[PDB]
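Take a look at the structure below.
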Amino acid sequence: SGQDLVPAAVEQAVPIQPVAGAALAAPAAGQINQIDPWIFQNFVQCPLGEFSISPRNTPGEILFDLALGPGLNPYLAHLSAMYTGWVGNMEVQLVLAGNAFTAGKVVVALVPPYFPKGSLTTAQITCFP
Amino acid sequence: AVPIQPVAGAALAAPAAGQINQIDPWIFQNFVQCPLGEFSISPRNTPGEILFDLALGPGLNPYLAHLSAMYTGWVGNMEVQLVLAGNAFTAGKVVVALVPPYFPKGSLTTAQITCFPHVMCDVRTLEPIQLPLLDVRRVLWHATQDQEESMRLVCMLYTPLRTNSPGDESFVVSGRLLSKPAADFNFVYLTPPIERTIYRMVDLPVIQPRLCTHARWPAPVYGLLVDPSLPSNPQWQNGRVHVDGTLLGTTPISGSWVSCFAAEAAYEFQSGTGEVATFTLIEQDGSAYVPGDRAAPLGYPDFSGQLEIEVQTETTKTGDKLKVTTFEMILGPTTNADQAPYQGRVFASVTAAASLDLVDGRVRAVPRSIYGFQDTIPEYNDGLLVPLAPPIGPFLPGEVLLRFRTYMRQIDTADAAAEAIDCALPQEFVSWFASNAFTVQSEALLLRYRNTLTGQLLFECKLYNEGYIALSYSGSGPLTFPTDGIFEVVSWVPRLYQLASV
Amino acid sequence: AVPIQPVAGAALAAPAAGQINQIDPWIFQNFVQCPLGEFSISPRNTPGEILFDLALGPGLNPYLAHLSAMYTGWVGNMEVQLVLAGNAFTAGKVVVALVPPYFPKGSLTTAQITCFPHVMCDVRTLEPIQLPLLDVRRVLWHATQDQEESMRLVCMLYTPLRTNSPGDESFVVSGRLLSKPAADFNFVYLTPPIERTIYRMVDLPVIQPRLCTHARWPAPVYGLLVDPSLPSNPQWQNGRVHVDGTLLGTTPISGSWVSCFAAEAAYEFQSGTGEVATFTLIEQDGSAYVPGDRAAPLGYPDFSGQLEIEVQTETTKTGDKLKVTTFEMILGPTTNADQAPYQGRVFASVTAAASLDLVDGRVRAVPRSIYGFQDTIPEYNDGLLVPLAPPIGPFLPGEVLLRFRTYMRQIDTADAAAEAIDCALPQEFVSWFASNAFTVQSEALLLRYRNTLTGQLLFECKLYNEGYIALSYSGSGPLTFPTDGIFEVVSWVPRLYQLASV
Amino acid sequence: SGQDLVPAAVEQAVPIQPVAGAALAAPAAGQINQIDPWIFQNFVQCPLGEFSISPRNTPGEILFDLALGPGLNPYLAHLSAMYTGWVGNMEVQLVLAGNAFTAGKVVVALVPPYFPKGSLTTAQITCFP
Ligand SMILES: C[C@H](CCC(=O)NCCS(=O)(=O)O)[C@H]1CC[C@H]2[C@@H]3[C@H](O)C[C@@H]4C[C@H](O)CC[C@]4(C)[C@H]3C[C@H](O)[C@]12C
Ligand SMILES: C[C@H](CCC(=O)NCCS(=O)(=O)O)[C@H]1CC[C@H]2[C@@H]3[C@H](O)C[C@@H]4C[C@H](O)CC[C@]4(C)[C@H]3C[C@H](O)[C@]12C
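What follows is the structure, given as structure tokens:
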């Protein structure tokens with residue numbers, strides 16, 4: 017083990033307020049619906065959760081682009097065949113722990129809804145949290 | 029004042045937006061004018077007229093219409109105020125009603141306007157009527173980049189206007205609506221600013237018309253003029269476009285495609301009047317042409333007469349290989365012509381005495397001159413269907429088209445006066461409007477011809493959102509304008525907006 | 029940290045501004061990237077290189093560059109931070125210095141960069157170097173619509189970079205500058221938003237090149253391609269423009285003016301090889317032409333060969349009045365030609381056997397075909413001066429011009445292969461850039477050819493602010509691209525920005 | 017960043033007393049002369065302030081040799097055209113921060129006045145502070 021690496025990229029205070037989950041949609045669905053309290057307890061790998069940065073990539077390439085949903089969890093992508101609806105936030109871990117000799121930086125943004133899909137150049141991915 | 033509950037703005041939309049973004053506190057101070065928020069009540073109006081009808085958004089304020097490209101959403105109320113310009117000797121009322129964000133459409137009679145939460149204002153009030161514009165909605169917030177259904181203010185003439193009038197003007201009572209954000213307007217989520225928004229006013233190219241290019245015949249533009257004598261409602265097929273960026277008929281993007289066609293060379297000799305080639309038309313970009321919405325391939329001539337294409341002739345006869353001969357084509361009916369560009373076939377005839385050993389290939393044609401030119405639709409089909417652009421109208425009483433006359437190469441045998449073809453929009457505007465693809469706000473722009481050197485107006489014309497310019501002319505003689513100015517968009521007007529007489 | 033006093037922002041400018049306008053408090057939260065604030069330190073760089081040089085303003089932030097059209101002025105500091113991408117095994121420093129708002133120009137050696145208030149950053153630092161950008165000024169506030177002298181950040185390579193490198197890539201240490209407003213940034217006076225500002229990025233027309241029109245010969249554009257074989261630095265005179273809206277040479281606005289001239293008809297018969305007309309050239313808009321900066325009137329052909337204008341012939345001989353004959357003109361020297369368009373005279377010769385009774389008037393000429401076409405400057409003067417546009421360069425090592433080839437009507441007697449004339453910018457961009465008149469930020473745009481249907485790149489080219497496109501090609505064979513995509517401006521780059529190999 | 021390097025070569029207690037600067041020459045010049053208090057506030061690179069150690073150098077080579085003066089400062093080498101005289105100490109920073117793989121040691125001495133110039137072998141450069 018050696019600490020000639022970066023210790024931790026501790027989530028900066030991203031400029032965003034807290035958002036309500038199932039507390040807004042609860043008096044508008046006609047059921048009491050809860051999911052296993054053990055699904056909230058471990059981080060399991062996404063269905064689309066595998067990328068790679070080679071040195072043939074250029075600045076601006078989009079490494080991953082995944083919309084908040086139940087498609088971000090093998091558990092909830094399976095539970096979401098029985099239900100019609102969802103609300104709430106998710107917590108994502110990003111595991112890049114490259115060699116001690118590599119160098120480079122990725123930037124992970126928080127693109128809001130209704131923002132046009134497509135290009136999203138490198139000059140404008142920083143204007144988001 | 030008005031029978032509505034108070035409507036929560038940014039307090040209902042807060043627990044579900046990443047951010048709630050504040051606005052400069054100096055914007056909640058000024059009453060800025062609403063676009064299309066002006067009217068005028070003449071004593072010839074019948075009660076029931078709808079003076080204005082404008083929907084709550086950020087498009088009502090130039091500050092917010094510009095701030096609303098940095099953000100994703102908005103929520104909240106606005107304060108509007110209606111000012112009326114009438115003295116103590118007028119008489120008449122005006123009912124301003126808050127229409128909910130549904131309630132479809134149709135003639136609202138004055139019986140029905142008083143059924144909404146409304147305010148009934150006498151014409152002879154002093155201080156401006158202030159009234160709210162609440163955000164009644166089904167959703168938490170609104171999206172700035174997608175026009176949605178929000179509360180309208182509709183103004184209607186309740187009882188008519190009773191005044192005297194000297195001899196001119198006829199005393200119209202004017203009125204203007206001015207709005208500002210309420211204390212709880214908010215945008216939602218800071219995005220990177222985009223330029224192709226929807227509250228982006230139509231701007232025009234800064235190019236004098238003399239430097240432009242014509243749309244129906246490939247030549248410069250030599251004079252813009254009004255002319256109450258010619259057919260007031262023509263049906264041209266080139267130089268037709270919508271201000272929202274939609275090409276109408278056989279109008280091409282480029283100006284090289286005008287009065288031209290790329291065809292298939294099908295050559296064969298004949299011992300009659302000369303050589304005759306049948307051309308299988310295609311689109312000049314090289315894409316397979318099929319009979320569709322247009323009355324001909326893109327750019328095919330829209331006039332009637334004797335046109336003469338040139339070539340692409342490869343001759344295998346010894347002495348020369350590639351030459352430039354002049355064919356001949358008839359555009360008018362003449363009661364003897366198999367002219368059907370619609371289906372993709374045209375007939376060209378040169379008067380040759382021997383055989384021209386011409387290889388069959390792919391050619392494209394360039395006009396040389398015209399003989400017997402008539403401003404009249406050609407034969408896109410023999411006597412058959414032509415899905416074509418409608419005529420160029422209608423105009424208000426006392427408004428005449430503004431034509432961009434150029435002069436085409438005439439083959440004549442009786443006179444020498446140059447003939448004038450003309451279009452409604454030079455080929456620079458046809459490319460501008462298509463490349464920008466603006467958002468049409470109401471019905472008609474309001475241009476303003478100015479002189480760049482002097483700095484004085486020449487006239488105020490009106491660009492209809494259908495792609496032609498009108499102009500309120502009274503006289504009868506062709507009045508020609510200078511061709512060294514600049515068109516400048518002022519604002520959006522309704523159809524019935526009456527110009528100033530030129 | 030840095031040896032500067034604290035600089036008062038909006039407290040010095042307050043008693044003399046009508047308003048002091050606040051900014052959304054969510055803009056003081058994010059570090060947004062600065063335009064042109066990126067570099068890369070290779071191990072082949074010598075100390076003294078200037079990696080970036082950027083001036084305090086509102087042009088450093090996309091939020092403020094957009095908010096700064098609603099207002100008149102600004103004041104205050106910014107916070108910038110430099111991130112560097114290097115591991116523990118690199119070695120090298122970088123000095124970031126605060127240059128005052130004067131101190132003219134020139135090669136700043138590394139001896140002199142350490143004399144400003146600076147910060148010396150090792151390449152192998154972890155957390156981003158944060159440093160201020162104060163507003164040192166002579167005046168109370170600044171005007172947003174007038175670039176002025178404000179404090180710069182200049183970054184210089186102090187000691188060189190010592191690392192290993194596998195075989196590819198060569199380990200460049202990248203770095204990026206990101207800024208946000210300090211706690212006391214303010215705009216001054218709310219005006220109505222204007223669209224023709226100075227922080228308005230260059231946008232391109234949304235038009236596929238196949239739909240465009242050529243700039244040197246009046247025809248459509250049939251293929252864009254690179255070609256390392258032809259003259260790498262041509263000296264064309266049509267299709268030359270500056271991205272800041274300045275027409276270079278004999279480039280016209282319109283596409284109808286290309287390879288054309290309006291001339292004075294001076295007709296007289298001669299019993300030699302035929303009829304010969306001397307033309308007194310004028311500007312096609314009808315304005316009196318005088319020898320000036322251009323090498324010929326606006327639009328006169330810029331190729332060399334045997335061109336054949338058409339007419340404006342009015343014949344008073346009985347039988348016909350207005351016809352279309354084909355003259356002939358020589359553009360190359362041929363060692364026997366009085367070709368001087370510069371002074372306003374050209375010679376045209378048709379091979380006639382009898383007298384053509386042609387009235388003297390005002391004509392204008394249209395090309396018909398070319399014989400013996402050579403990509404070489406014609407004789408604008410006999411052997412005399414020609415104030416002309418410079419060649420098209422220079423390019424970096426391994427970059428070749430991107431040409432918009434069209435095919436002109438060839439008169440041939442030995443073969444049939446179509447010849448390709450080509451320009452650097454189709455005639456739609458020449459009108460776009462002139463009608464908008466953008467503000468050039470640094471040295472070269474960075475376009476991006478995409479496909480509208482699929483949605484995948486084709487190449488990344490580079491539009492130099494001198495009006496031509498370059499492209500980093502390695503091979504030697506002419507590589508032709510599809511002509512159905514869209515050019516998309518990405519950002520401003522320096523000259524030395526190295527493209528990605530196509 | 018990595019700390020498989022040497023943290024800091026913090027100036028050892030070099031055996032030398034403090035020396036008086038302008039307090040001795042003040043009652044012997046007929047003027048009150050002060051220099052900008054901001055020139056004392058940042059370290060700027062010497063006029064002769066650039067050397068390099070290659071592996072072709074041998075132990076004993078003199079990397080730099082710079083006499084105390086106003087020639088050690090671009091600021092004071094410019095101010096010293098208006099005056100005839102000077103006194104006082106200077107503070108010098110030495111920036112060698114070589115790669116993590118290099119190895120070697122330099123020794124910086126404090127040679128007094130009147131010491132003969134010339135050879136200064138490696139056996140005797142350590143006899144100085
Ligand atoms: C016959 C064309 C030569 C140009 C010409 O004859 N006149 C140009 C001026 S004018 O309008 O006649 O006035 C040749 C040269 C360029 C050719 C075209 C180009 O090769 C582009 C496509 C390529 C496709 O394979 C075939 C159709 C095509 C669309 C070709 C049609 C035709 O063979 C063209 C148009
Ligand atoms: C000879 C012109 C007729 C048009 C023509 O011959 N060909 C058009 C197509 S092409 O390019 O030849 O290919 C005539 C009709 C329009 C005329 C022009 C127009 O009258 C506009 C100005 C008016 C000025 O009084 C005289 C110069 C002028 C500039 C005229 C020159 C010339 O008499 C023109 C240009």
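So the sequences go chain by chain: B, C, C' and B'. A prime marks a further copy of an entry chain.
Going by the deposited numbering, the first residue of the first sequence is number 17, and it counts up by one from there.
Going by the deposited numbering, the first residue of the second sequence is number 29, and it counts up by one from there.
Going by the deposited numbering, the first residue of the third sequence is number 29, and it counts up by one from there.
Going by the deposited numbering, the first residue of the fourth sequence is number 17, and it counts up by one from there.
Positions of the beta carbon are idealized from the N, C-alpha and C atoms, including for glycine.
* Asked: When burial is assigned at 16 or more other CB atoms within 10 Å of the CB, is C/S397 buried or exposed?
  -> buried
Between the CA atoms of C/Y477 and C'/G101 - distance to the nearest angstrom | 32 angstroms
B/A93 in three-state terms, based on DSSP:
helix
At a cut-off of 7 angstroms, is C/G314 close to ligand 1 when judged by its beta-carbon and the heavy atoms of the ligand?
-> yes
Quiz prompt | Same chain only: Cβ atoms within 8 angstroms of C'/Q484, ignoring 5 sequence neighbours per side | solution = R478
Could you tell me if the beta carbon of C/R392 falls within a distance shorter than 7 angstroms of some heavy atom in ligand 1?
-> yes
So, does the CB of C'/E471 fall closer than 8 angstroms to a CB anywhere in chain B? no
Next item on the list: Answer yes if the stretch 512 to 524 of chain C comes into contact with the stretch 139 to 146 of chain C', meaning at least three C-beta pairs across the two stretches below 8 angstroms, and no otherwise.
Entry: no
Cutoff 8 angstroms: B/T137 Cβ touching any chain C' Cβ | yes
If you drop the 5 nearest sequence neighbours on each side, which residues of the same chain put their C-beta closer than 7 angstroms to that of B/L79? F67, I69, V122
#### Entry: Any C-beta of chain C under 8 angstroms from that of C'/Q334
no
- Message: Measuring alpha carbon to alpha carbon, tell me which residue in C/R523, C/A243, C/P506 is nearest C/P256.
- Response: C/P506
Can you determine whether any heavy atom of ligand 2 sits closer than 7 angstroms to the C-beta of C/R437, and answer yes or no? yes
Per-residue burial, C/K345 [other beta carbons within 10 Å of its own, 16 or more giving buried]:
exposed
Would B'/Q50 pass as an interface residue toward chain C' - the criterion being a Cβ-Cβ separation below 8 angstroms? no
*From the DSSP output, in three-state form, read off C'/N464 for me.*
helix
Practice item. To the nearest angstrom, report how far apart C'/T379 and C'/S299 are at their CA atoms. Key: 10 angstroms
Exercise. May I ask which residues mark the beginning and end of the alpha helix (DSSP H) holding C'/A139?
Key: 138 to 141
Proximity winner among C'/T306, C'/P129, C'/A462, relative to C'/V164 (alpha-carbon distances)
C'/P129
**Q.** Same chain, Cβ closer than 7 angstroms to B/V124, neighbours up to 5 away in sequence not counted
**A.** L110
Assigned secondary structure, C'/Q173 (DSSP; H/G/I helix, E/B strand, else coil):
coil
Taking the straight line between their C-alpha atoms, what separation do you get for C'/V271 and C'/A290? 28 angstroms
**Q.** Helix, strand or coil at C'/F215 [DSSP, three-state]
**A.** strand
One or two residues paired with C/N479 in a DSSP bridge: C/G513
query: Taking any Cβ of chain B, which residues in the stretch 80 to 102 of chain C have a Cβ under 7 angstroms from it, in chain order?
result: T100
Practice item. Kindly provide the ranges of any beta strand (DSSP E) runs that are 3 or more residues long and lie completely inside the stretch 55 to 115 of chain C, ordered along the chain. Key: 60 to 69, 78 to 83, 101 to 103, 106 to 113
request  = In the DSSP assignment, find the unbroken beta strand (DSSP E) run with C/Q334 in it and report its ends.
outcome  = 332 to 335
With distances taken Cα to Cα, identify the nearest neighbour of C'/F457 among C'/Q47, C'/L275, C'/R373, C'/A365. C'/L275
Show which residues of chain B have a CB atom less than 7 angstroms away from the CB atom of C/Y217. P128
Next on the checklist: Just to check my reading of the structure: C/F423 and C/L252 have Cβ atoms closer than 8 angstroms, yes? What is that Cβ distance to the nearest angstrom?
Outcome noted: Going by Cβ atoms, the distance from C/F423 to C/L252 rounds to 17 angstroms, so no, they are not a contact pair.
Beta-carbon spacing of C/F515, C/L475 below 8 angstroms = yes
* In this structure, does DSSP put C/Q236 in helix, strand or coil? -> coil
Residues of the stretch 32 to 60 of chain C with a CB closer than 9 angstroms to any CB of chain B: list them in chain order, please. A42, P43, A44, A45, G46, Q47, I48
List the residues of chain B whose Cβ lies closer than 7 angstroms to the Cβ of B'/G18, in chain order. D20
Requested in this report: Check the C-beta distance from C'/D81 over to C'/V200 and give it rounded, since I have them as a contact under 8 angstroms.
Outcome: With 8 angstroms as the limit, C'/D81 and C'/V200 do not qualify as a contact, their Cβ atoms being about 19 angstroms apart.
What is the DSSP secondary structure of C'/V374, counted as helix, strand or coil? strand
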